[PDB]
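Please read the structure below before turning to the comments.
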Amino acid sequence: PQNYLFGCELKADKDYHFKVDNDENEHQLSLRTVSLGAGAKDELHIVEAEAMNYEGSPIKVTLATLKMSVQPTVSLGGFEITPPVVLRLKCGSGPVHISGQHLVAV
Amino acid sequence: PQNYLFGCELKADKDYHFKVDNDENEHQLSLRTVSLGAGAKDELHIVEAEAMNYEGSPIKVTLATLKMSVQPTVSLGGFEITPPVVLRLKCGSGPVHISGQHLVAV
Amino acid sequence: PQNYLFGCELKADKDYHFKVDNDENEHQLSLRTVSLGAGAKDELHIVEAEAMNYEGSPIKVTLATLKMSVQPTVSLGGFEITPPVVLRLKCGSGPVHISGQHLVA
Amino acid sequence: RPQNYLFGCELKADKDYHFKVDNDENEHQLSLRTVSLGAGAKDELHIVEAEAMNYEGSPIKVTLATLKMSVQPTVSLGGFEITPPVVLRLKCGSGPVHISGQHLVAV
Amino acid sequence: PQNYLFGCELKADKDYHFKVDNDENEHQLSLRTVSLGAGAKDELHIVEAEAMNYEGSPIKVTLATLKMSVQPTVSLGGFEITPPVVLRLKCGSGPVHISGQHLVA
Ligand SMILES: [Cl-]
């Protein structure tokens, strides 16, 4: 369970797509924090994730609701998600930063 | 321990029923975040879970108390519940979003 | 490790005692969240737990300080305590809800 | 796998806390869960610090939490495990500040 | 999994560099809390970490955004990073304190 640092930045329509690699290994994203960037406005920001569900259909789940003067950072504690996954801002202009661990298994 | 994205949205007249069907494997719901939706009033929101306790009886349980201008998101850190589970808003109009993992055994 | 839902509501004159039976397994309370109920006043609420320490004596312990307009909910991340455990409000009138898991060997 | 006992203490401006090992064989761990301000604490900045050995072998002071009654009365650390010997103290603020956690033992 | 206490302080002109000197065992930095020091102004503080991604390249990630009058402490719950790691203030002058665990197999 070797682990690499992971991160991305979201904007109004700057998605992040985490893909499956053409390796033989398993991969997981263990999401840790969502936090507002210095230039973010004091509006509501909602970060959303999209991935396969249990019965096979795409699901969109909101990870966090952030606002600069109320809650600039949310800690998710190692939210593990199997790729492919898309991360995006459902509202707010961002930037919103996401940090976490990229877990593989050779 | 296979792992899928889970999410739902609750409103005052909209609960969520997590079931698990005529499967053979064991299933667990691992709840990660509870967060207020973009249009939610600045009223008190209380999210409830109902499931079996160890004595065999159904128990109603408060997961989180949320308020948009005080605490829009609560992180539960992987709160596991054995299905069947009903999730509902005990008060507040929502929308309230819940995200987590659906974990499956064999 | 079997896990069942656990929850309770605490008020000024209402301790909560956890419990077990003529049982054969190991039991743990895994406390998850502490949250103020809808009718709680905007007073400071302090939730306390009491259980035996490593020496063997009962020790009272503050789990959380809550205030409705400041921090209505606290997440403990799976705080595990061996029964018997008493939960109570050391101050505030409540209602205060506690949620967690009952774990069985 | 290890056995777990409830742990707690109260810190004030002139009352620190030191984690007591004894003439025993067991490996002990202190797992800290919450830091929360007591009812009578004033509304100043409170900073809780922990003191224990680092890897290279010499003592390090470390900040666990910054708390303020009207902003953030409780901080949950999620099971911060520290090997004894460890000392907990207020680096500033008058308290009382309560600490809760687990005392874990295994051999 | 031997476990030692870890800490550092960050300022506008003072970063922290975590190297384990090449022994033969493996080391991990497990971050726990990011908190503002007593002397910090009430400006936005953003703490970032730099290490390798899975493709071998260095990446910088924001760990936490703090502000004294809003949220002086963020708890990361054991965010493990493989050394070498750089911690720095991307904005704000600090001091910002970091605590966690240094783990050796
Ligand atoms: Cl706040």
Side-chain angles (χ1 to χ4, degrees), chain A residues 1 3 6 16 18 20 26-34 47-65 74-88 98-105, chain B residues 1-10 16-21 23 25-35 47 49 51 61 63-64 73-87 96-106, chain C residues 1-5 30 32-33 75-78 99-101 103, chain D residues 78-79, chain E residues 76-80:
Chain A
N3 80 287
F6 164 82
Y16 181 87
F18 190 54
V20 157
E26 326 178 36
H27 296 242
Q28 297 263 111
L29 256 178
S30 184
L31 303 172
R32 287 273 162 191
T33 58
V34 191
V47 173
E48 166 182 285
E50 178 170 2
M52 276 303 100
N53 69 17
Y54 29 64
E55 304 72 54
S57 299
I59 195 81
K60 309 144 309 301
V61 316
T62 89
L63 297 180
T65 304
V74 169
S75 178
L76 308 174
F79 193 159
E80 312 139 84
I81 311 180
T82 302
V85 294
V86 177
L87 303 171
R88 66 172 65 96
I98 298 186
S99 74
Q101 303 186 26
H102 182 168
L103 310 167
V104 194
Chain B
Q2 151 163 37
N3 160 235
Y4 305 87
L5 242 191
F6 160 79
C8 65
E9 173 184 279
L10 310 171
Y16 188 83
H17 287 251
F18 192 87
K19 302 187 219 145
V20 166
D21 195 75
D23 193 279
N25 309 119
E26 166 70 300
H27 296 241
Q28 295 266 316
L29 193 61
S30 184
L31 302 165
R32 287 272 163 192
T33 55
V34 188
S35 41
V47 179
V61 153
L63 300 180
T73 305
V74 165
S75 180
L76 312 172
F79 190 164
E80 292 89 21
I81 311 181
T82 309
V85 187
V86 175
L87 304 167
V96 178
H97 297 279
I98 300 186
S99 74
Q101 302 167 155
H102 179 168
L103 310 167
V104 313
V106 199
Chain C
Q2 258 70 69
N3 80 108
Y4 309 77
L5 247 198
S30 185
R32 287 273 164 192
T33 56
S75 178
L76 311 172
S99 74
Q101 301 169 42
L103 309 170
Chain E
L76 308 175
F79 189 164
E80 297 101 5

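Letters A, B, ... are given to chains in the order of the sequence lines, protein chains preceding strands, and every chain is numbered from 1.
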Using 4.0 Å as the upper bound for N to carboxylate O, is an ion pair formed by A:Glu48 and A:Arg88?
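A salt bridge is present here (some side-chain N lies under 4.0 Å from a carboxylate O).
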
Measuring from atom CG of A:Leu29 to atom CD1 of A:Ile81, what distance do you get when rounded to the nearest 0.5 angstrom?
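Here the interatomic distance stands at 7.0 Å.
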
Got a second to check how far C:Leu5's CG is from B:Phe79's CZ, nearest 0.5 Å?
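C:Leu5 CG to B:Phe79 CZ: 5.0 Å, rounded to 0.5 Å.
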
Residue list, side-chain contact (heavy atoms from CB on, under 4.5 Å) with B:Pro84, at least two apart or on another chain:
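With neighbours one apart ignored, the set is empty.
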
Could you go through B:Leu63 and B:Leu87, starting from their C-alpha distance and side-chain angles, then the distance that decides it, and tell me whether this counts as side-chain contact (heavy atoms from CB on, under 4.5 Å)?
CA-CA 9 Å; B:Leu63 300 180; B:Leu87 304 167; 4.1 Å; yes

What residues, two or more places apart in sequence or in another chain, satisfy side-chain hydrogen bond (donor to acceptor under 3.5 Å, both in side chains) together with [X]?
X	answer
B:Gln2	B:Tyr4
B:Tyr16	A:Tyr54
C:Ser30	none

Please report the shortest heavy-atom distance between [X] and [Y], naming the atom on each side.
X	Y	answer
B:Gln28	B:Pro83	CA-CD, 4.2 Å
B:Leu76	B:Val34	CD1-CG2, 3.8 Å
B:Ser75	C:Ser75	O-OG, 2.9 Å
A:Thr62	B:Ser35	OG1-OG, 3.3 Å

Does the A:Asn53 side chain pair with the main chain of A:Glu55, one donor and one acceptor, at a distance under 3.5 Å?
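Flag set: sc A:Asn53 to bb A:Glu55 pair under 3.5 Å.
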
Side chains of residues 98-106 of chain B: which donor-acceptor partners sit under 3.5 Å, not counting sequence neighbours?
residue: B:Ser99; atom: OG; partner: B:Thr33; partner atom: OG1; Å: 2.6
residue: B:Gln101; atom: OE1; partner: A:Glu80; partner atom: N; Å: 3.0
residue: B:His102; atom: NE2; partner: B:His27; partner atom: ND1; Å: 2.7

My understanding is that only residues two or more places apart in sequence, or in another chain, count here; which of them pass salt bridge (charged side-chain N to carboxylate O under 4.0 Å, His left out) with B:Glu26?
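Partners of B:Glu26 by the salt bridge (charged side-chain N to carboxylate O under 4.0 Å, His left out) criterion come out as none, since no residue qualifies.
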
